[PDB]
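What follows is one structure encoded as structure tokens, with my remarks underneath.
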Amino acid sequence: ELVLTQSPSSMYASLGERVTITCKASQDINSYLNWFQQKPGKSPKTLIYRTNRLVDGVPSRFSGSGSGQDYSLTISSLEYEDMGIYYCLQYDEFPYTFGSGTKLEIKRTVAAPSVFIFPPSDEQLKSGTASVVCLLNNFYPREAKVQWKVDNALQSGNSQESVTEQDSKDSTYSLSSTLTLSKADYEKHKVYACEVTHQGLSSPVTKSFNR
Amino acid sequence: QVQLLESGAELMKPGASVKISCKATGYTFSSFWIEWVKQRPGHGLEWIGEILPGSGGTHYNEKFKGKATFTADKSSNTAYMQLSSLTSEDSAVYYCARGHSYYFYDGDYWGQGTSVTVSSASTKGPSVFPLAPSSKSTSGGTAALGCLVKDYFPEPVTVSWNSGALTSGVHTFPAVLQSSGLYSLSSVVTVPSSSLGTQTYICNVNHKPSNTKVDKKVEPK
Ligand SMILES: O=C(O)CCCNC(=O)c1ccc([C@H]2CC[C@H](c3ccccc3)C[C@@H]2O)cc1
């Protein structure tokens with residue numbers, strides 16, 4: 001069926017900057033294109049219908065254009081609220097098809113993380129295993145390394161990471177690394193260190209503890 | 001105003017079936033087409049098809065013919081989508097959205113989305129533990145604290161702090177599926193390393209899939 005190509009998949013701009021994304025159809029769709037912006041954790045929402053008809057109550061900094069097989073969505077001045085995925089859809093032929101989406105990521109100033117290590121709660125250790133949590137807060141860019149050290153032993157295969165999208169306060173990322181092992185294996189060691197290496201840091205920052 | 005309310009989260013075993021509702025409101029239910037769209041983690045948005053409540057006319061994306069079947073209750077202004085013979089591929093969030101009508105269309109309205117999970121596992125409430133704020137005085141300025149929500153199923157979960165009273169600097173991480181087949185995530189918050197003993201905070205972690213609702217507080221050393 002009708003293919004709607006959207007490239008790139010990830011576009012970067014900085015607040016205040018003008019950005020524009022495209023949607024390439026596989027055949028004249030006669031200006032029958034809609035643009036939906038989908039925020040993380042939220043449902044899609046319609047911004048522009050029928051190529052350039054701006055929906056009501058939607059910022060004027062948004063505009064749509066195109067014809068035949070080429071349509072575009074432009075934002076004259078990118079504010080933080082615009083962070084999210086943008087999909088185009090064609091209703092010129094059945095079945096209505098979607099584009100693969102373009103994620104609009106904000107480019108900002110490098111920022112080092114604030115590392116915080118939390119130990120396994122007294123209450124959670126009464127049960128089976130033990131979980132040590134490491135926190136890298138409000139940093140940028142997303143590329144960050146985090147190693148787990150147990151008595152200098154570089155842990156491996158027992159850690160799980162999870163990163164949040166760019167916080168709307170500063171467009172920064174935050175990350176959590178969780179180390180999991182049984183209660184026994186836990187007591188068997190004394191020092192739990194969390195190593196963080198980030199381009200916004202002069203040298204790697206470590207946060208450990210004893211118990 | 002116009003609004004589309006979709007039924008709540010749902011978990012069903014494979015081979016079974018499910019039925020999502022979409023309550024229309026603030027407009028003539030019969031003259032507007034209702035679209036239905038699927039959203040799987042790595043597949044973005046997918047078009048299932050549409051229904052014209054008034055005439056009952058339907059248009060199914062062939063990929064879903066038989067799998068999804070639409071119906072509508074004009075008297076209750078409610079549309080329904082039934083996904084049959086559910087498999088893991090059907091696990092996704094589903095939206096219903098108001099499209100066009102012959103005499104009018106100025107853009108679409110979207111339902112808030114329904115999460116459907118297809119597993120043989122039973123729903124498990126989350127065990128929440130405190131992420132006790134370490135006396136962060138090691139060359140900095142503020143201290144962080146949070147809540148660890150461990151081993152729950154399925155996905156749907158929400159956390160807050162002091163009942164949304166203070167949402168200044170909270171961070172809830174996407175859930176992570178563990179080897180045990182259960183999920184678990186973390187919710188942290190950074191507060192002035194000062195006001196700690198002066199004021200205490202509570203994470204409100206509620207998990208619908210099992211009607212769990214915790215309100216655990218976190219205190220220093
Ligand atoms: O006068 C004229 O010839 C032009 C105006 C006629 N308009 C149409 O034929 C017309 C046809 C289809 C649509 C579609 C657009 C996509 C919309 C939608 C919304 C969410 C998800 C998928 C699809 C549903 C809507 O139903 C909108 C308008």
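In the structure tokens, each chain is lettered A, B, ... as it comes, each chain's residues begin at 1, and ligands are numbered from 1 in order of appearance.
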TODO: For ligand 1, list the contacting residues at 9 Å or closer, counting only C-alpha atoms and all ligand atoms, as a ChimeraX atom specification.
DONE: /A:32-34,36,44-46,49-50,89-92,96-98 /B:32-37,45-50,95-110
Task: Distance-based interface of chain B with chain A, 9 Å, counting only C-alpha atoms, as a PyMOL selection string - done: chain B and resi 43-49+59-62+95+106-113+127-134+136+140+143-145+148+169+171-176+178+185-186+188+190
Task: Long-range neighbours of residue A:205 as a list in words, 7 Å cut-off, only C-alpha atoms, 4 positions minimum in chain - done: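 With the cut-off at 7 Å, the set is residues 195, 196 and 197 of chain A.
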Open item on the list: Would you pick out the contacts of stretch 2-6 of chain A at 6 Å or less, using only C-alpha atoms, so that residues sharing its chain but fewer than 2 positions from it are not included, and give the list as an NGL selection string?
Closed with: :A and (22-26 or 99)
- [ ] Give me the residues within 10 Å of residue A:75 as a list in words, counting only C-alpha atoms and dropping any in the same chain fewer than 5 places off.
- [x] residues 16, 17, 18, 19, 20, 21, 59, 60, 61, 62, 63, 64 and 82 of chain A
Open item on the list: Using only C-alpha atoms, which protein or nucleic acid residues come within 9 Å of stretch 70-80 of chain B? Drop anything in the same chain fewer than 5 positions from it, and give the result as a list in words.
Closed with: residues 19, 20, 21, 22, 23, 24, 25, 28, 29, 30, 34, 49, 50, 51, 52, 53, 54, 56, 58 and 96 of chain B
TODO: Mind giving me the straight-line distance from atom CA of residue B:216 to atom CA of residue A:182 in Å, one decimal?
DONE: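 Interatomic distance here is 23.8 Å.
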Open item on the list: Between B:41, B:14, B:126, B:26, which residue has the minimum interatomic distance to residue B:94, considering only C-alpha atoms?
Closed with: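 Of the candidates, the smallest distance to residue B:94 is held by B:41.
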Task: Between atom CA of residue B:68 and atom CA of residue B:123, distance in Å (one decimal) - done: 24.7 Å
Task: Interatomic distance, atom CA of residue B:39 to atom CA of residue A:141 (Å, one decimal) - done: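 Here the two named atoms are 27.8 Å from each other.
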- [ ] Considering only C-alpha atoms, state which residue in the set B:200, B:158, B:167, B:55 is at the smallest distance from residue B:212.
- [x]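 For residue B:212, the nearest of the given residues is B:158.
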DSSP on the backbone: what in chain A comes out strand (DSSP E or B), as a short mmCIF file (atom, residue, chain, number, x, y, z; two decimals) with N, CA, C and O atoms, in the first residue's frame?
data_model
loop_
_atom_site.label_atom_id
_atom_site.label_comp_id
_atom_site.auth_asym_id
_atom_site.auth_seq_id
_atom_site.Cartn_x
_atom_site.Cartn_y
_atom_site.Cartn_z
N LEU A 4 4.70 6.10 3.12
CA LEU A 4 4.97 7.45 3.55
C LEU A 4 6.35 7.46 4.19
O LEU A 4 6.53 6.99 5.33
N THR A 5 7.33 7.99 3.47
CA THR A 5 8.70 8.04 3.96
C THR A 5 9.03 9.32 4.72
O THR A 5 8.79 10.43 4.24
N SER A 10 15.33 11.12 13.32
CA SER A 10 15.65 11.96 14.45
C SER A 10 16.21 13.27 13.91
O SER A 10 17.17 13.28 13.14
N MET A 11 15.58 14.37 14.31
CA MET A 11 16.00 15.70 13.88
C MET A 11 16.40 16.46 15.11
O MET A 11 15.76 16.31 16.16
N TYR A 12 17.45 17.26 14.99
CA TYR A 12 17.92 18.05 16.13
C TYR A 12 17.94 19.54 15.82
O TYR A 12 18.33 19.97 14.73
N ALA A 13 17.48 20.30 16.80
CA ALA A 13 17.43 21.75 16.71
C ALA A 13 17.56 22.26 18.15
O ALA A 13 17.54 21.47 19.10
N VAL A 19 12.89 24.74 12.57
CA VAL A 19 13.14 23.40 12.07
C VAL A 19 11.98 22.98 11.19
O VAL A 19 10.86 23.46 11.35
N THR A 20 12.25 22.09 10.24
CA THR A 20 11.21 21.62 9.34
C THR A 20 11.45 20.15 9.03
O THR A 20 12.57 19.75 8.77
N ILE A 21 10.39 19.35 9.09
CA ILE A 21 10.52 17.93 8.79
C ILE A 21 9.74 17.59 7.53
O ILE A 21 8.83 18.32 7.15
N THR A 22 10.11 16.49 6.88
CA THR A 22 9.44 16.10 5.65
C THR A 22 8.77 14.72 5.65
O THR A 22 9.08 13.84 6.46
N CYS A 23 7.85 14.56 4.71
CA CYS A 23 7.09 13.34 4.52
C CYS A 23 7.02 13.12 3.01
O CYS A 23 6.43 13.93 2.27
N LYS A 24 7.65 12.04 2.56
CA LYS A 24 7.70 11.69 1.14
C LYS A 24 6.75 10.54 0.81
O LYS A 24 6.95 9.40 1.24
N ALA A 25 5.71 10.85 0.05
CA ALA A 25 4.72 9.86 -0.34
C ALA A 25 5.23 9.08 -1.54
O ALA A 25 6.14 9.52 -2.23
N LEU A 33 -2.82 15.03 3.54
CA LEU A 33 -1.87 14.63 4.57
C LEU A 33 -2.13 15.32 5.90
O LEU A 33 -2.42 16.53 5.96
N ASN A 34 -2.04 14.54 6.97
CA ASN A 34 -2.24 15.05 8.32
C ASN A 34 -0.92 14.92 9.09
O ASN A 34 -0.10 14.04 8.80
N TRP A 35 -0.72 15.80 10.06
CA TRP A 35 0.47 15.76 10.88
C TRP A 35 0.08 15.62 12.35
O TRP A 35 -0.63 16.46 12.89
N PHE A 36 0.56 14.55 12.99
CA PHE A 36 0.28 14.32 14.41
C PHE A 36 1.57 14.39 15.22
O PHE A 36 2.59 13.84 14.82
N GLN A 37 1.52 15.07 16.35
CA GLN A 37 2.69 15.16 17.22
C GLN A 37 2.37 14.26 18.39
O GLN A 37 1.28 14.36 18.96
N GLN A 38 3.28 13.37 18.75
CA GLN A 38 3.04 12.49 19.88
C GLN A 38 4.10 12.64 20.96
O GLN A 38 5.27 12.27 20.78
N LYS A 45 -1.71 13.55 18.70
CA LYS A 45 -2.57 14.72 18.67
C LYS A 45 -2.42 15.30 17.27
O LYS A 45 -1.34 15.24 16.70
N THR A 46 -3.49 15.86 16.72
CA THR A 46 -3.43 16.42 15.37
C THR A 46 -3.04 17.90 15.36
O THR A 46 -3.62 18.73 16.06
N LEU A 47 -2.04 18.23 14.54
CA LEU A 47 -1.55 19.60 14.43
C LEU A 47 -2.01 20.25 13.14
O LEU A 47 -2.53 21.37 13.13
N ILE A 48 -1.83 19.53 12.04
CA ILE A 48 -2.22 20.06 10.75
C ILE A 48 -3.00 19.01 9.97
O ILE A 48 -2.66 17.83 9.97
N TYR A 49 -4.08 19.45 9.33
CA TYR A 49 -4.86 18.53 8.52
C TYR A 49 -4.91 19.04 7.08
O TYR A 49 -4.80 20.24 6.82
N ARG A 53 -3.71 23.01 6.60
CA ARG A 53 -4.79 23.52 7.45
C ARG A 53 -4.43 23.28 8.90
O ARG A 53 -4.54 22.17 9.42
N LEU A 54 -3.99 24.35 9.56
CA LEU A 54 -3.59 24.28 10.96
C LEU A 54 -4.79 24.06 11.85
O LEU A 54 -5.78 24.78 11.74
N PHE A 62 3.60 26.90 14.06
CA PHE A 62 3.47 25.65 13.32
C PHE A 62 2.87 25.97 11.97
O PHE A 62 1.97 26.80 11.87
N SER A 63 3.37 25.34 10.91
CA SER A 63 2.87 25.58 9.57
C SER A 63 3.10 24.33 8.72
O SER A 63 4.05 23.58 8.95
N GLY A 64 2.22 24.09 7.75
CA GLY A 64 2.37 22.92 6.90
C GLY A 64 2.31 23.27 5.43
O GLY A 64 1.65 24.23 5.04
N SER A 65 2.99 22.48 4.61
CA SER A 65 3.01 22.72 3.17
C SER A 65 3.41 21.48 2.38
O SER A 65 3.87 20.48 2.94
N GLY A 66 3.24 21.56 1.07
CA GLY A 66 3.60 20.44 0.21
C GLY A 66 2.60 20.24 -0.90
O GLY A 66 1.63 20.98 -1.00
N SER A 67 2.84 19.23 -1.74
CA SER A 67 1.96 18.91 -2.86
C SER A 67 2.47 17.65 -3.54
O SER A 67 3.63 17.26 -3.38
N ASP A 70 5.46 15.40 -2.08
CA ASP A 70 6.31 16.03 -1.08
C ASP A 70 5.65 17.06 -0.17
O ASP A 70 5.23 18.13 -0.61
N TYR A 71 5.58 16.73 1.12
CA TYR A 71 4.98 17.61 2.13
C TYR A 71 5.95 17.86 3.27
O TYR A 71 6.85 17.05 3.51
N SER A 72 5.77 18.97 3.96
CA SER A 72 6.66 19.34 5.04
C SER A 72 5.94 20.02 6.18
O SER A 72 4.89 20.62 5.99
N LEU A 73 6.55 19.94 7.35
CA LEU A 73 6.03 20.55 8.57
C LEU A 73 7.17 21.43 9.11
O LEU A 73 8.31 20.95 9.28
N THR A 74 6.86 22.70 9.36
CA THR A 74 7.85 23.64 9.85
C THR A 74 7.43 24.34 11.13
O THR A 74 6.26 24.66 11.32
N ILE A 75 8.40 24.56 12.00
CA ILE A 75 8.21 25.27 13.26
C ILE A 75 9.21 26.43 13.20
O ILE A 75 10.42 26.22 13.18
N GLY A 84 9.08 15.66 20.89
CA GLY A 84 8.22 14.51 20.66
C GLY A 84 8.26 13.99 19.23
O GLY A 84 8.94 14.56 18.38
N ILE A 85 7.53 12.90 18.97
CA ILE A 85 7.51 12.30 17.64
C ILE A 85 6.45 12.89 16.73
O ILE A 85 5.33 13.17 17.15
N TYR A 86 6.80 13.07 15.46
CA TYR A 86 5.86 13.63 14.48
C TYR A 86 5.59 12.66 13.33
O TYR A 86 6.50 12.29 12.58
N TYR A 87 4.33 12.25 13.20
CA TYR A 87 3.92 11.32 12.15
C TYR A 87 3.01 11.99 11.11
O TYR A 87 2.22 12.88 11.44
N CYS A 88 3.13 11.56 9.85
CA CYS A 88 2.27 12.09 8.80
C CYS A 88 1.40 10.91 8.39
O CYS A 88 1.79 9.75 8.58
N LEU A 89 0.22 11.21 7.86
CA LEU A 89 -0.71 10.17 7.43
C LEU A 89 -1.40 10.60 6.16
O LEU A 89 -1.72 11.78 5.99
N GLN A 90 -1.65 9.63 5.29
CA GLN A 90 -2.31 9.90 4.04
C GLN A 90 -3.69 9.25 4.02
O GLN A 90 -3.85 8.05 4.33
N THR A 97 -2.48 5.25 5.48
CA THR A 97 -1.18 4.85 6.00
C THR A 97 -0.45 5.96 6.76
O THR A 97 -0.71 7.16 6.57
N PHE A 98 0.47 5.53 7.62
CA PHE A 98 1.26 6.41 8.47
C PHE A 98 2.69 6.46 7.95
O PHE A 98 3.11 5.60 7.18
N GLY A 99 3.42 7.48 8.38
CA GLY A 99 4.83 7.60 8.03
C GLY A 99 5.50 6.93 9.23
O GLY A 99 4.83 6.66 10.22
N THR A 102 9.32 10.97 12.87
CA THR A 102 10.55 11.71 13.06
C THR A 102 10.49 12.20 14.50
O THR A 102 9.53 12.85 14.92
N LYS A 103 11.52 11.85 15.27
CA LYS A 103 11.62 12.29 16.66
C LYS A 103 12.37 13.62 16.60
O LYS A 103 13.39 13.72 15.94
N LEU A 104 11.82 14.64 17.24
CA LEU A 104 12.44 15.97 17.29
C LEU A 104 13.16 16.11 18.64
O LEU A 104 12.52 16.30 19.69
N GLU A 105 14.48 15.99 18.62
CA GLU A 105 15.30 16.08 19.83
C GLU A 105 15.98 17.44 19.93
O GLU A 105 16.48 17.97 18.93
N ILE A 106 16.00 18.00 21.13
CA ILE A 106 16.59 19.31 21.34
C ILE A 106 18.10 19.27 21.57
O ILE A 106 18.59 18.46 22.36
N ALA A 111 26.31 18.94 29.60
CA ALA A 111 26.05 18.99 31.04
C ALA A 111 26.47 17.70 31.72
O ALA A 111 26.07 16.60 31.33
N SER A 114 24.96 14.39 37.86
CA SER A 114 25.12 14.45 39.30
C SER A 114 24.88 12.99 39.61
O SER A 114 23.82 12.45 39.30
N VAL A 115 25.89 12.33 40.16
CA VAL A 115 25.79 10.92 40.49
C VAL A 115 25.38 10.74 41.94
O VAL A 115 25.85 11.46 42.83
N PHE A 116 24.48 9.79 42.15
CA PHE A 116 23.96 9.48 43.48
C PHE A 116 23.83 7.98 43.63
O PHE A 116 23.18 7.33 42.82
N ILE A 117 24.44 7.41 44.65
CA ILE A 117 24.28 5.98 44.83
C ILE A 117 23.36 5.74 46.02
O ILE A 117 23.44 6.43 47.04
N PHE A 118 22.43 4.80 45.85
CA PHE A 118 21.50 4.43 46.91
C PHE A 118 21.75 2.95 47.16
O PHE A 118 21.95 2.17 46.23
N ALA A 130 19.03 -8.26 46.80
CA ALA A 130 19.37 -6.87 47.13
C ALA A 130 19.63 -6.05 45.85
O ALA A 130 20.32 -6.51 44.94
N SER A 131 19.08 -4.84 45.81
CA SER A 131 19.25 -3.95 44.66
C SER A 131 19.89 -2.59 44.97
O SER A 131 19.31 -1.77 45.69
N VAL A 132 21.08 -2.37 44.42
CA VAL A 132 21.79 -1.10 44.58
C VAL A 132 21.46 -0.23 43.36
O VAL A 132 21.59 -0.69 42.22
N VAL A 133 21.04 1.00 43.61
CA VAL A 133 20.67 1.91 42.54
C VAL A 133 21.64 3.08 42.40
O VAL A 133 22.02 3.70 43.39
N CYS A 134 22.03 3.38 41.17
CA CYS A 134 22.93 4.49 40.86
C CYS A 134 22.15 5.50 40.02
O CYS A 134 21.47 5.11 39.07
N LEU A 135 22.28 6.78 40.36
CA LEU A 135 21.55 7.86 39.68
C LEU A 135 22.39 8.96 39.04
O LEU A 135 23.11 9.67 39.74
N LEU A 136 22.27 9.10 37.72
CA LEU A 136 22.98 10.14 36.98
C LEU A 136 21.88 11.12 36.62
O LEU A 136 21.02 10.83 35.78
N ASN A 137 21.91 12.29 37.26
CA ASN A 137 20.87 13.29 37.07
C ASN A 137 21.17 14.51 36.19
O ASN A 137 22.24 15.11 36.28
N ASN A 138 20.18 14.88 35.38
CA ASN A 138 20.21 16.04 34.50
C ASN A 138 21.52 16.27 33.77
O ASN A 138 22.22 17.25 34.02
N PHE A 139 21.86 15.37 32.86
CA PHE A 139 23.09 15.51 32.11
C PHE A 139 22.82 15.52 30.61
O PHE A 139 21.76 15.12 30.17
N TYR A 140 23.80 15.99 29.85
CA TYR A 140 23.67 16.07 28.40
C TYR A 140 25.06 16.12 27.77
O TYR A 140 25.96 16.80 28.27
N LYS A 145 28.70 6.46 30.44
CA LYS A 145 29.10 5.11 30.79
C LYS A 145 28.93 4.94 32.29
O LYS A 145 29.13 5.89 33.05
N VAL A 146 28.55 3.74 32.71
CA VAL A 146 28.35 3.45 34.11
C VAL A 146 28.73 2.00 34.41
O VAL A 146 28.07 1.06 33.96
N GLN A 147 29.81 1.84 35.17
CA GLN A 147 30.29 0.52 35.55
C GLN A 147 29.99 0.29 37.03
O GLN A 147 29.91 1.24 37.81
N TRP A 148 29.81 -0.96 37.41
CA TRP A 148 29.52 -1.28 38.79
C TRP A 148 30.70 -2.03 39.36
O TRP A 148 31.16 -3.01 38.76
N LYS A 149 31.19 -1.59 40.51
CA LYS A 149 32.33 -2.24 41.16
C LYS A 149 31.99 -2.76 42.55
O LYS A 149 31.51 -2.03 43.42
N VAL A 150 32.23 -4.05 42.75
CA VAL A 150 31.96 -4.69 44.03
C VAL A 150 33.30 -5.15 44.59
O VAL A 150 33.83 -6.19 44.19
N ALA A 153 35.83 -5.39 42.08
CA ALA A 153 35.49 -6.34 41.04
C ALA A 153 34.51 -5.65 40.09
O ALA A 153 33.44 -5.20 40.50
N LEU A 154 34.90 -5.55 38.83
CA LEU A 154 34.06 -4.93 37.83
C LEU A 154 32.92 -5.88 37.54
O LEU A 154 33.11 -6.92 36.91
N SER A 159 23.64 -5.79 35.75
CA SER A 159 23.17 -4.41 35.81
C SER A 159 22.16 -4.12 34.71
O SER A 159 22.24 -4.66 33.59
N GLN A 160 21.19 -3.27 35.03
CA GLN A 160 20.15 -2.88 34.07
C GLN A 160 19.97 -1.37 34.10
O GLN A 160 19.78 -0.78 35.17
N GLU A 161 20.03 -0.75 32.93
CA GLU A 161 19.90 0.69 32.79
C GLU A 161 18.53 1.11 32.27
O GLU A 161 17.80 0.31 31.70
N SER A 162 18.21 2.38 32.47
CA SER A 162 16.96 2.95 31.99
C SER A 162 17.12 4.47 31.98
O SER A 162 17.47 5.08 33.00
N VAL A 163 16.87 5.07 30.82
CA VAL A 163 17.00 6.50 30.63
C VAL A 163 15.67 7.18 30.33
O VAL A 163 14.81 6.61 29.64
N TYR A 173 19.00 14.64 30.09
CA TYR A 173 18.66 13.25 30.27
C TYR A 173 18.95 12.89 31.71
O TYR A 173 19.67 13.60 32.42
N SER A 174 18.38 11.78 32.15
CA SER A 174 18.65 11.29 33.48
C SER A 174 18.73 9.78 33.28
O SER A 174 18.10 9.24 32.36
N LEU A 175 19.52 9.10 34.09
CA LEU A 175 19.66 7.67 33.93
C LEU A 175 19.74 6.95 35.25
O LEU A 175 20.15 7.52 36.26
N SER A 176 19.33 5.69 35.24
CA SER A 176 19.36 4.87 36.43
C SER A 176 20.01 3.55 36.07
O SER A 176 19.74 2.97 35.03
N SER A 177 20.91 3.09 36.93
CA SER A 177 21.57 1.82 36.70
C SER A 177 21.22 1.04 37.95
O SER A 177 21.39 1.55 39.05
N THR A 178 20.73 -0.17 37.77
CA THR A 178 20.35 -1.00 38.90
C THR A 178 21.11 -2.31 38.89
O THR A 178 21.13 -3.03 37.89
N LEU A 179 21.78 -2.60 40.01
CA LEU A 179 22.56 -3.82 40.16
C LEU A 179 21.76 -4.79 41.03
O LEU A 179 21.30 -4.42 42.11
N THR A 180 21.60 -6.02 40.58
CA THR A 180 20.83 -6.99 41.35
C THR A 180 21.52 -8.32 41.58
O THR A 180 22.02 -8.97 40.66
N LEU A 181 21.55 -8.73 42.85
CA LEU A 181 22.15 -10.00 43.25
C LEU A 181 21.43 -10.44 44.52
O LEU A 181 20.76 -9.63 45.16
N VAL A 191 32.37 -3.21 49.61
CA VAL A 191 32.28 -1.95 48.87
C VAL A 191 31.53 -2.01 47.55
O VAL A 191 31.83 -2.84 46.69
N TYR A 192 30.55 -1.12 47.39
CA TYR A 192 29.75 -1.03 46.18
C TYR A 192 29.97 0.32 45.54
O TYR A 192 29.50 1.34 46.04
N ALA A 193 30.70 0.31 44.44
CA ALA A 193 31.04 1.53 43.73
C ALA A 193 30.35 1.67 42.39
O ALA A 193 30.19 0.69 41.66
N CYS A 194 29.95 2.89 42.08
CA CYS A 194 29.32 3.20 40.81
C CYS A 194 30.20 4.19 40.04
O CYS A 194 30.33 5.34 40.45
N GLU A 195 30.79 3.74 38.94
CA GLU A 195 31.67 4.57 38.12
C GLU A 195 30.96 5.24 36.94
O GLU A 195 30.35 4.58 36.09
N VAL A 196 31.06 6.57 36.88
CA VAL A 196 30.42 7.33 35.82
C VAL A 196 31.42 8.14 35.00
O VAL A 196 32.17 8.95 35.53
N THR A 197 31.42 7.92 33.69
CA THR A 197 32.31 8.64 32.81
C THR A 197 31.49 9.41 31.76
O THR A 197 30.79 8.81 30.95
N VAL A 205 33.71 10.22 37.71
CA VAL A 205 33.25 10.36 39.10
C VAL A 205 32.73 9.03 39.66
O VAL A 205 31.98 8.32 39.00
N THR A 206 33.15 8.71 40.88
CA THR A 206 32.74 7.47 41.53
C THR A 206 31.99 7.73 42.83
O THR A 206 32.30 8.65 43.58
N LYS A 207 30.98 6.89 43.07
CA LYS A 207 30.14 6.97 44.25
C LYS A 207 29.98 5.55 44.77
O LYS A 207 29.39 4.70 44.12
N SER A 208 30.53 5.29 45.94
CA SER A 208 30.45 3.96 46.53
C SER A 208 30.00 4.05 47.97
O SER A 208 29.64 5.12 48.47
N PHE A 209 30.02 2.90 48.64
CA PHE A 209 29.64 2.82 50.05
C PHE A 209 30.10 1.50 50.65
O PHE A 209 30.69 0.66 49.96
N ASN A 210 29.85 1.33 51.95
CA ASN A 210 30.23 0.11 52.66
C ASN A 210 29.06 -0.40 53.48
O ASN A 210 28.25 0.40 53.96
#
- [ ] DSSP on the backbone, then: every residue of stretch 27-139 of chain B marked helix (DSSP H, G or I), written as a ChimeraX atom specification.
- [x] /B:29-31,62-64,88-90
Output file for the selection above: N, CA, C and O atoms, as a PDB file, in the first residue's frame:
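The resulting again05.pdb:
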ATOM      1  N   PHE B  29     -22.425  11.784  17.499  1.00  0.00           N
ATOM      2  CA  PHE B  29     -21.739  10.498  17.362  1.00  0.00           C
ATOM      3  C   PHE B  29     -21.908   9.789  16.023  1.00  0.00           C
ATOM      4  O   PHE B  29     -20.957   9.221  15.485  1.00  0.00           O
ATOM      5  N   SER B  30     -23.110   9.844  15.469  1.00  0.00           N
ATOM      6  CA  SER B  30     -23.417   9.150  14.216  1.00  0.00           C
ATOM      7  C   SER B  30     -22.781   9.644  12.916  1.00  0.00           C
ATOM      8  O   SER B  30     -22.468   8.833  12.043  1.00  0.00           O
ATOM      9  N   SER B  31     -22.585  10.951  12.776  1.00  0.00           N
ATOM     10  CA  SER B  31     -22.044  11.486  11.531  1.00  0.00           C
ATOM     11  C   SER B  31     -20.527  11.524  11.371  1.00  0.00           C
ATOM     12  O   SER B  31     -20.024  11.841  10.289  1.00  0.00           O
ATOM     13  N   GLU B  62      -6.694  -4.327   5.582  1.00  0.00           N
ATOM     14  CA  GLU B  62      -6.624  -5.776   5.396  1.00  0.00           C
ATOM     15  C   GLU B  62      -5.808  -6.515   6.462  1.00  0.00           C
ATOM     16  O   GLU B  62      -6.174  -7.604   6.865  1.00  0.00           O
ATOM     17  N   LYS B  63      -4.711  -5.921   6.925  1.00  0.00           N
ATOM     18  CA  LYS B  63      -3.851  -6.559   7.921  1.00  0.00           C
ATOM     19  C   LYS B  63      -4.594  -6.958   9.189  1.00  0.00           C
ATOM     20  O   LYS B  63      -4.146  -7.833   9.934  1.00  0.00           O
ATOM     21  N   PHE B  64      -5.740  -6.325   9.423  1.00  0.00           N
ATOM     22  CA  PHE B  64      -6.525  -6.584  10.626  1.00  0.00           C
ATOM     23  C   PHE B  64      -7.885  -7.235  10.396  1.00  0.00           C
ATOM     24  O   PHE B  64      -8.605  -7.528  11.349  1.00  0.00           O
ATOM     25  N   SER B  88       0.808 -12.347  21.290  1.00  0.00           N
ATOM     26  CA  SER B  88       1.707 -11.298  21.767  1.00  0.00           C
ATOM     27  C   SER B  88       1.797 -10.117  20.790  1.00  0.00           C
ATOM     28  O   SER B  88       1.992  -8.972  21.206  1.00  0.00           O
ATOM     29  N   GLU B  89       1.645 -10.399  19.498  1.00  0.00           N
ATOM     30  CA  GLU B  89       1.706  -9.354  18.479  1.00  0.00           C
ATOM     31  C   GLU B  89       0.601  -8.327  18.663  1.00  0.00           C
ATOM     32  O   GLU B  89       0.699  -7.210  18.164  1.00  0.00           O
ATOM     33  N   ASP B  90      -0.457  -8.700  19.370  1.00  0.00           N
ATOM     34  CA  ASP B  90      -1.560  -7.780  19.572  1.00  0.00           C
ATOM     35  C   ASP B  90      -1.324  -6.879  20.777  1.00  0.00           C
ATOM     36  O   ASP B  90      -2.079  -5.920  21.019  1.00  0.00           O
TER      37      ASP B  90
END
TODO: Could you tell me which of A:77, A:30, A:155, A:199 comes closest to residue A:109 if we count only C-alpha atoms?
DONE: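 That would be A:199, the residue with the smallest distance to residue A:109.
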Open item on the list: So that I can see what lies close to residue B:135, please list as a PyMOL selection string the residues with an atom at most 9 Å from it, counting only C-alpha atoms and leaving out residues fewer than 4 positions away in the same chain.
Closed with: chain B and resi 143+193+220-221
Keeping only N, CA, C and O atoms, write those residues as a JSON list (two decimals), in the first residue's frame.
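As written to disk, result07.json reads:
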[["chain", "number", "residue", "atom", "x", "y", "z"],
["B", 143, "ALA", "N", 20.37, 17.08, 47.65],
["B", 143, "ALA", "CA", 20.33, 15.62, 47.82],
["B", 143, "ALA", "C", 19.16, 15.03, 47.06],
["B", 143, "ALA", "O", 18.11, 15.66, 46.90],
["B", 193, "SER", "N", 19.12, 19.81, 49.68],
["B", 193, "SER", "CA", 19.74, 18.95, 50.68],
["B", 193, "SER", "C", 19.41, 19.45, 52.07],
["B", 193, "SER", "O", 19.58, 18.74, 53.05],
["B", 220, "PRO", "N", 16.01, 10.13, 55.79],
["B", 220, "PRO", "CA", 17.48, 10.03, 55.84],
["B", 220, "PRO", "C", 18.09, 8.92, 56.71],
["B", 220, "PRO", "O", 17.52, 7.83, 56.83],
["B", 221, "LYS", "N", 19.25, 9.20, 57.30],
["B", 221, "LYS", "CA", 19.96, 8.23, 58.16],
["B", 221, "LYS", "C", 19.65, 8.43, 59.64],
["B", 221, "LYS", "O", 18.67, 9.14, 59.95]]
